[PDB]
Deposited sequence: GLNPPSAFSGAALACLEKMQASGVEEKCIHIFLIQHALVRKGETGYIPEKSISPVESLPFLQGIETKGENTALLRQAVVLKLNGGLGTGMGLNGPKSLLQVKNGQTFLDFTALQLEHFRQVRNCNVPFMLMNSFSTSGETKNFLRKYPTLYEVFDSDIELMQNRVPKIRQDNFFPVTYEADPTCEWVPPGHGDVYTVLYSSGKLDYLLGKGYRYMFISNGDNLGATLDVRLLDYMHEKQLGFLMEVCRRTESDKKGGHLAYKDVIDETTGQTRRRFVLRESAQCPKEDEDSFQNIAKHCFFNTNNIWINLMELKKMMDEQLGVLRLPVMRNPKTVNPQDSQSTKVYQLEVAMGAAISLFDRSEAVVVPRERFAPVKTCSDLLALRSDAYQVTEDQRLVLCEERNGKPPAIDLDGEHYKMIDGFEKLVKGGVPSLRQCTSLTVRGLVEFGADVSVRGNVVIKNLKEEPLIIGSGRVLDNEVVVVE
């Protein structure tokens, strides 16, 4: 393959890790022959039941295990879905505090309260590393050990043309020619960097990993205790899916014994969107709060010669995400949750919603920035009590609010109160002013060209607003 050799040479020219190149060209072979990465509804069965955290946990903690624990926050994605060209963690959340402020403050609270200097890492990509490093100047505790201790630099892979599978060229911005290969990349990065051997040599055996956008994620020593007692290599936290869980992955089963499967958004064929979005059928949603046993990982990686068989997802895009007329490409990516079938002993457990405040979209961001979410003593962000575990279901017009620039007009004059909101749908150009209270099920449709301004102090109480 001339296309594979072209990818090979371009990767080697940019300093890409040898095993990553090898794993990529494996996937490249597959996709060149029309591998879609899809998990069709007819290939899987729903997960009907799972153990709950209240059941499986006990009183008391084994502090000896916490002493073996290490935290990693994922920070490598490009946030292209929200129209970013860099780290979504540098987005403001509350009080002029970004996602990364909340992460740094959470860690500091954890270390203080428990008097335990738990190791901490951020998995960065080429697109997020520099901005993240400079941001952390504000946290000298982290900054002074950023290169040596904190950063885990993941790999990058070229975007490849949908027609001939060659790496794409984009002269206007050669930066658009590359993508981090998914958070699934973590295992090979840990292995090939020497970080895994380093951590194991200091006696660490467990790693807690969560999304950089999820400020609800918590190191639970009682869940750690459980994972260890059942001698698990991998534990995934899931939530009872809500109407707001539209993007990410749900669990399912495949057969002749049953094994877990993770079906991501990118693995769902167009014809199956309705099923993928049936929250009652596919009711267990991955939080991406994942515990791994590091020695089990080490043993697997050695066994499989640095090459985990994670399922490749073949993500179609344009080379410049913002320009729909730019060259059509495929991003080959893996998800860290897909290791759930690869570990010898793995489990998923249902956790309370207060451990999962995701921001995948500007609709999610709206909910987080609003009074629907609250800061806890331990510096987490958690859904308010009166929403009874169910985030407001926010549908923001994809033609106006998908890009952060468009979302910016909506909240420019004010983030509305959403703590009493079960549902908010916005269509056309719309602009909130100050101290707007949204209550119950609210619809706002503007059919005029002029933005619809929602006056300051307006109460929208189970109301449908249509301006024409």
Which regions of the deposited sequence are unaccounted for in the modelled residues, listed N- to C-terminal? 1-8, 264-271
